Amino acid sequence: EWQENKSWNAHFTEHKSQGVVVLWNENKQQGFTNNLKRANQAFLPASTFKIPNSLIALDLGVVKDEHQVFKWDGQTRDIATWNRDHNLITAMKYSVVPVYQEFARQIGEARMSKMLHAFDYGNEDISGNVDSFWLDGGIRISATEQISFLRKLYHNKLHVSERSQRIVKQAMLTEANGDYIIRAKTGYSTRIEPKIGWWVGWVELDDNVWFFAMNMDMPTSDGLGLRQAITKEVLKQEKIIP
């Protein structure tokens, strides 16, 4: 069911980095990873949490639809793309933390906790501040657990409406061409050691879907582009994308 391919490690070592890629072949129900241990080690989800957060906000009516505008609060922050109005689509695209912090405050501890348990999401533990627990609280999730959660979302099997799941999958759209579609979400965890980057999602092909989840050590922001670059090299090696 699970195969370890330590040859993908070359994609990490060649960039003086360390990390794990996990792939799941939906048709064959088989998984692949370069590091079985790290594939099951639990990290802060950071901005990958915007997937479950969006689902909960939509299903409770905190977010009406993907067009609703969340006005900039007028506080200048150091990420320029955050200093503007956003909707669900652009807030996901630019990982606009302060928009999602307000979502969480309106969701509230009790409903957030129940929903993450219903999703079987990670360790389901929201201990910490309700508006930051996915950045510096007690919640943790592994790469294999990300795959399990994403598979439910793909099949509309999460315990929220089909509409909520369709909207979030639209907002996850990252890349599309004549060969594949990628729906995914990046993450960047810096407040608790070890600092890591995430990329989780899936690749839609004509006749199959490949789910993926990767994390990697991220001592500085200089390496953030390696999250996608390393993942795609693995996909290319396995002949999933040209």
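For every residue, the number given is its place in the sequence shown, counted from 1.
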Exercise. Determine, for stretches 130-138 and 88-96, which one has the higher mean CA B-factor as deposited.
Key: 130-138
Self-check item: Of 28-36 and 180-188, the stretch whose C-alpha atoms average the higher B-factor in the entry
Solution: 28-36
Self-check item: Where the record places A118 (Cα B-factor, split into thirds across the chain)
Solution: highest
Self-check item: Chain third (lowest, middle, highest) by recorded CA B-factor, residue given as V200
Solution: lowest
Quiz item: Should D65 be placed in the lowest, middle or highest third of its chain by the C-alpha B factor in the entry?
Solution: lowest
Practice problem: Determine, from the deposited record, the chain-internal third of the Cα B-factor for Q165: lowest, middle or highest. | Solution: lowest
Self-check item: Third of chain Cα B-factors occupied by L23
Solution: lowest
